Amino acid sequence: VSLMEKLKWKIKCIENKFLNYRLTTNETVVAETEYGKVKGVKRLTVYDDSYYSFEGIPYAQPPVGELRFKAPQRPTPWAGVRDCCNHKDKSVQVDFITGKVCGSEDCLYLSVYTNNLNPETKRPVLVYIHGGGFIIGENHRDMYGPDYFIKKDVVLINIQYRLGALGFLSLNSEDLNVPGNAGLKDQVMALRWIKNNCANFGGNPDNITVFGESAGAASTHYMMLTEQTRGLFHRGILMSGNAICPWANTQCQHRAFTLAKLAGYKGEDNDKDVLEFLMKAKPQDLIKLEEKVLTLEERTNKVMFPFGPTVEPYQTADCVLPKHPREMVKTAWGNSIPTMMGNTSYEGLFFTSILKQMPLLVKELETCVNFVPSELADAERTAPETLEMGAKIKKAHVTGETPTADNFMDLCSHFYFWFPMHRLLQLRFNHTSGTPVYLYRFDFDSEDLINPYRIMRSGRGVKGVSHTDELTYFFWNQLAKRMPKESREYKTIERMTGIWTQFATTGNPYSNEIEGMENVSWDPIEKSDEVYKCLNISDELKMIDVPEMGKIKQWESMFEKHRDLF
């Protein structure tokens with residue numbers, strides 16, 4: 001458990017060291033950027049492809065010292081040619097295997113990849129925003145390698161942004177000018193850099209697609225909601241997440257004091273003095289104590305992370321979320337670009353690790369009161385309003401006589417992913433105008449090719465298609481290897497990067513380019529279909545009604561006399 005793969009991870013980080021060097025070439029090139037010239041280097045893949053790599057391009061000022069917790073400031077445009085032949089490090093975070101803190105505050109970088117720099121005509125630009133709960137993640141190629149996408153004629157850009165309290169501290173007093181959402185404002189400025197720089201790498205600035213998985217999906221949705229990013233891109237793909245997910249959003253303004261207190265602060269709960277302490281502390285001490293900010297009860301109520309995107313307590317210079325997610329769906333420019341959304345066929349299997357420890361988690365399901373949406377439920381969660389709402393949940397997911405893991409994990413698929421998706425689509429349908437949304441369901445199961453997230457649900461061996469299982473067919477990671485191109489895994493890489501690039505190009509995810517799509521006719525959802533159609537992606541590709549629709553609809557029935565709140 002962990003120490004097992006702790007040494008594994010160690011003896012697979014040193015691979016990535018011996019393979020990264022080996023796959024480096026001598027072919028350097030220089031591209032224009034608005035801040036000055038940048039030097040990249042051609043790299044190779046295990047499939048005998050190659051691509052140009054520019055890593056460590058700053059899109060903002062290093063947010064250190066006085067810039068800590070504040071909105072990003074654009075960088076200093078440099079003389080000469082800046083080295084981008086190496087990664088820069090990841091935002092400060094608790095690494096999943098080591099367990100202790102890694103990364104740096106100097107993390108506001110993006111990386112640009114493409115198989116050809118002078119291309120004949122201009123390529124679609126895909127911008128990937130990583131997930132990780134807004135508390136972990138990176139654009140390092142041990143985790144998100146572009147090796148599969150650069151088989152296609154696209155420009156791929158992978159961004160970083162501030163995580164944890166360093167990204168998402170929020171304070172009421174306008175005075176202190178720490179409204180929240182620093183990490184989302186980082187994303188905004190990365191997208192602004194992309195808009196005005198992608199042409200320098202062969203990109204088409206009229207054909208940008210933003211996509212992300214989990215917190216990166218919530219992020220992509222936030223970038224579709226704010227008027228700050230209006231017009232800055234043209235398609236969005238939400239993979240296992242949106243901004244009205246219960247975990248995508250927390251009111252955290254009174255949690256800074258608690259963080260300060262855990263770290264040694266002596267003084268009041270006044271924000272000015274709380275800030276003066278948190279500005280002086282070592283970044284790693286804060287990040288390691290993040291752990292403990294949420295209260296014992298906040299956890300019962302399913303608040304997942306102490307700091308994250310929030311409704312800002314006032315709107316200044318660079319605001320992005322002046323209002324709650326459901327309300328921004330109203331005039332949001334992004335409802336009017338082509339969109340694809342989807343989930344895996346067993347998201348909640350991504351709770352085995354948690355559940356393993358104190359299986360008491362399961363008895364929750366005896367009334368399911370804790371999974372009632374927080375906005376409908378009472379603080380104690382025993383108002384007859386709440387016990388009866390929970391009975392509705394409880395019936396949709398408890399299958400027989402007594403609750404288990406599968407019911408709990410199945411319940412989690414809906415609480416954290418499918419139900420919010422449903423709520424978003426229906427809100428979207430009436431804050432709208434003609435704009436296709438397409439649904440997929442990722443249902444391809446394999447153990448011969450994996451990604452690191454599998455050992456951070458330290459599961460190994462276990463079937464079903466968990467949250468994050470799809471990333472393996474989009475991105476290279478240091479646990480990957482060269483599969484034979486007959487294999488079901490290689491074919492799935494082909495299909496997934498093919499569909500995503502097809503969507504990025506025309507706003508329509510279908511083509512006869514895709515072996516296996518030959519019998520797929522895949523149309524969007526509209527305001528009126530009673531039941532959602534989706535492309536189910538397995539060893540075969542098949543259009544089907546979402547199997548989850550029945551459980552979704554009963555979740556909707558908790559709102560039968562609170563319809564305004566649905």
# chains A, B, ... in the order shown; residues from 1 in each chain; ligands from 1
call {"tool": "residues_around", "arguments": {"residues": "range 178-186 of chain A", "least_positions_apart": "5", "cutoff": "8 Å", "atoms": "only C-alpha atoms", "output": "VMD selection string"}}
result
chain A and resid 60 69 to 72 108 161 to 163 166 to 172 219 222 308 to 315 318 to 321
call {"tool": "closest_atom_pairs", "arguments": {"of": "range 281-387 of chain A", "to": "range 514-536 of chain A", "cutoff": "12 Å", "atoms": "only C-alpha atoms", "output": "tab-separated table"}}
result
residue	atom	partner	partner_atom	distance
A:338	CA	A:524	CA	9.8
A:339	CA	A:524	CA	9.3
A:340	CA	A:524	CA	8.8
A:341	CA	A:534	CA	9.5
A:342	CA	A:534	CA	8.4
A:343	CA	A:536	CA	10.0
A:344	CA	A:536	CA	9.3
A:345	CA	A:536	CA	8.8
call {"tool": "closest_residue", "arguments": {"among": "A:271, A:15, A:147, A:227", "to": "residue 174 in chain A", "atoms": "only C-alpha atoms"}}
result
A:271
call {"tool": "select_by_dssp", "arguments": {"residues": "range 161-289 of chain A", "states": "strand (DSSP E)", "output": "list in words"}}
result
residues 203, 204, 205, 206, 207, 208, 209, 210, 211, 212, 213, 235, 236, 237, 238 and 239 of chain A
call {"tool": "closest_atom_pairs", "arguments": {"of": "range 318-393 of chain A", "to": "range 246-260 of chain A", "cutoff": "9 Å", "atoms": "only C-alpha atoms", "output": "CSV"}}
result
residue,atom,partner,partner_atom,distance
A:324,CA,A:249,CA,8.5
A:325,CA,A:249,CA,8.0
A:373,CA,A:246,CA,8.0
A:374,CA,A:246,CA,8.4
call {"tool": "closest_residue", "arguments": {"among": "A:39, A:10, A:481, A:414", "to": "residue 450 in chain A", "atoms": "only C-alpha atoms"}}
result
A:481
call {"tool": "atom_distance", "arguments": {"atom1": "CA of residue 201 in chain A", "atom2": "CA of residue 35 in chain A"}}
result
14.4 Å
call {"tool": "residues_around", "arguments": {"residues": "residue 211 in chain A", "least_positions_apart": "3", "cutoff": "7 Å", "atoms": "only C-alpha atoms", "output": "list in words"}}
result
residues 127, 128, 129, 217, 220, 236, 237 and 238 of chain A
call {"tool": "closest_residue", "arguments": {"among": "A:11, A:421, A:210, A:188", "to": "residue 124 in chain A", "atoms": "only C-alpha atoms"}}
result
A:210
call {"tool": "residues_around", "arguments": {"residues": "range 40-43 of chain A", "least_positions_apart": "3", "cutoff": "6 Å", "atoms": "only C-alpha atoms", "output": "number ranges by chain"}}
result
A: 23-25, 27-29, 50-54, 84-85
call {"tool": "closest_residue", "arguments": {"among": "A:305, A:38, A:228, A:476", "to": "residue 20 in chain A", "atoms": "only C-alpha atoms"}}
result
A:476
call {"tool": "atom_distance", "arguments": {"atom1": "CA of residue 93 in chain A", "atom2": "CA of residue 283 in chain A"}}
result
9.3 Å
